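No value in this document is a laboratory result; all are computed from the given coordinates. Using ideal geometry, Cβ is built from the backbone for each residue, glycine included, and neighbour counts are taken over all protein chains shown.
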Amino acid sequence: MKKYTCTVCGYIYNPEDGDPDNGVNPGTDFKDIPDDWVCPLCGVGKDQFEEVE
Ligand SMILES: [Co+2]
């Protein structure tokens, strides 16, 4: 699975780690994260993220 970065603040979503404090368990692909989730650091929505390639 691919890493995704927040293009506003630089937070990296790592699917191996998830974001468990906000209910995103380890092993969750970015596409499967609920669409109301926001960047844990800067608070922007998923639409400001992009695949790290
Ligand atoms: Co951010």
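Observations
- Total residues in segment 1-28, condition touching a strand residue (DSSP E or B) at 6+ places or on another chain (Cβ under 6 Å) and within 13 Å of the ligand (Cβ to nearest atom): 6
- Contact annotation: residue pairs with Cβ atoms under 8 Å, 6 or more positions apart or on different chains, pairing a residue in segment 38-53 that is in contact (Cβ under 8 Å) with a residue 40 or more places away in the chain and among the hydrophobic types (A, V, I, L, M, F, W, C) with a partner that is more than 7 Å from the ligand (Cβ to nearest atom) and assigned to a helix (DSSP H, G or I), are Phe49/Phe30.
- Matching residues, segment 1-10, being part of a loop (DSSP other than H, G, I, E, B) and polar (S, T, N, Q): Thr7
- Residue pairs whose Cβ atoms lie under 8 Å apart, sitting 6 or more positions apart in sequence or on different chains, and linking a residue in segment 11-33 that is assigned to a loop (DSSP other than H, G, I, E, B) to a partner that is among the polar types (S, T, N, Q), are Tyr11/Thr5; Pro15/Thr28; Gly18/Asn25; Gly18/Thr28.
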